[PDB]
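Have a look at the structure below, then the notes.
Any value given below was found using the heavy atoms of this structure, including those in side chains, with hydrogens, waters and symmetry copies removed. For reference, positions follow the sequence shown, starting with 1. In each ligand, atom 1 is the first atom listed, and ligand 1 is the first ligand listed.
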Amino acid sequence: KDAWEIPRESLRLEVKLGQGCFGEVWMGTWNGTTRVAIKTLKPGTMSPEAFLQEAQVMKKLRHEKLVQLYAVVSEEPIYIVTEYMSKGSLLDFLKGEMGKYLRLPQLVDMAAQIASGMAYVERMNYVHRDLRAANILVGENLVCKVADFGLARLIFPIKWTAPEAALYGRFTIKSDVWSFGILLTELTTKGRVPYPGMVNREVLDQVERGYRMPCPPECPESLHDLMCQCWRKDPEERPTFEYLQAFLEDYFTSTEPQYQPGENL
Ligand SMILES: Nc1ncnc2c1ncn2[C@@H]1O[C@H](COP(=O)(O)[C@H](Cl)P(=O)(O)O)[C@@H](O)[C@H]1O
Ligand SMILES: [Mg+2]
């Protein structure tokens, strides 16, 4: 086994953070000094090598805006140890008590961080395939990091998935760019489900017919125009994450220098 392995007694699971049919997520301590997130797999509910799939990708990716793998216990019972993100999922964050104070400058900076993490994914010729607010983690000082690479690979919820990927299995970094556009609407609506009042079948039907979500209330048209670029029918016409990162970093000087705060954004 490799250098990622740790002894089981160096890990202490303290507070349970979440649940599932396939495992648990705990806040804990590693080597008695390091605060960590610990992911477990429940015996014989899923294949051990299917559970380890996410860890294998995380071994190859290292970037300040991706959740970092720390250690692994690779024989059953399996544990996955990652950096601890104190504020939980971006989706929960946006929906909860802290949502009501976030304004456009915070939300756009969070989008810029996510674009930076995805620009690294882009540079590395990887695809994520499940980019959405539920798979972003939030830390102190509004730090946002991309997580859940369980489906990530080298070169599905229809509301976040590009049509060519959902229909024809065409997953590329450009279908992740599509998903990022949907993530931007989650950020600017404080975590609302996209395409409100539409079930999956209408969504499929409508998007192929040319329907796109309108500009969210109090969202500048220029930011909605960025969403529409991410949602171009032709995947090759969508911007790069490199472009998206630069656009969002410079947004309040180059694109909306006359922004003024409103009631919600
Ligand atoms: N590195 C981390 N630091 C802090 N909290 C984390 C964390 N990873 C997950 N959590 C929390 O545990 C919850 C569920 O975890 P999860 O990884 O998203 C599902 Cl198992 P999933 O793989 O999607 O099926 C999240 O809502 C987070 O709230
Ligand atoms: Mg998740």
Are any of the side-chain nitrogens in [X] or [Y] under 4.0 Å away from the carboxylate oxygens of its partner?
| X | Y | value |
| --- | --- | --- |
| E24 | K39 | no |
| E14 | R35 | yes |
| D92 | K87 | no |
| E208 | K233 | yes |
| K1 | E75 | no |

Give me the nearest non-hydrogen protein atom to [atom] as residue plus atom name, then the distance to 0.1 Å.
| atom | result |
| --- | --- |
| atom 24 (O) of ligand 1 | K39 NZ, 4.9 Å |
| atom 15 (O) of ligand 1 | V25 CG2, 3.6 Å |
| atom 25 (C) of ligand 1 | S89 CB, 4.7 Å |
| atom 2 (C) of ligand 1 | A37 CB, 3.4 Å |
| atom 3 (N) of ligand 1 | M85 N, 2.9 Å |

So is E24 touching ligand 1 or not, going by heavy atoms under 4.0 Å? no
Ligand-residue contact atoms, ligand 1 with [X], heavy atoms, under 4.0 Å:
| X | answer |
| --- | --- |
| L137 | 1 (N), 2 (C), 7 (C), 8 (N) |
| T82 | 1 (N) |
| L17 | 5 (N) |
| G88 | 28 (O) |
| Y84 | 3 (N), 4 (C) |

Does NZ or CZ of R212 come closer than 6.0 Å to the centre of the six-membered ring of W231, within 45° of the ring's axis?
no
Next on the checklist: Please report whether ligand 1 has a polar contact with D148, defined as an N or O pair separated by less than 3.5 Å (distance criterion only).
Outcome noted: yes
Is the closest protein non-hydrogen atom to atom 13 (C) of ligand 1 under 4.0 Å?
no
Do you see a protein non-hydrogen atom under 4.0 Å from atom 19 (C) of ligand 1? no
From the list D130, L131, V127, side chain to side chain contact (heavy atoms under 4.5 Å, CB included) with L151 holds only for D130
In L90, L91, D148, the residue satisfying side chain to side chain contact (heavy atoms under 4.5 Å, CB included) with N135 is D148
Note: heavy atom closest to atom 1 (N) of ligand 1, options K87, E83, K145, belongs to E83
The N/O/S atom of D148 lying closest to the Mg ion (ligand 2) is OD2
Q.
Could you walk me through whether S86 and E140 satisfy the side-chain hydrogen bond (donor to acceptor under 3.5 Å, both in side chains) test, starting with their C-alpha distance in whole Å, then the side-chain angles of each, then the deciding distance to 0.1 Å, before giving a yes or no?
A. CA-CA 7 Å; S86 57; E140 299 296 307; 2.5 Å; yes
(request) Would you mind reporting whether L41 and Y79 have side-chain heavy atoms less than 4.5 Å apart? (result) no
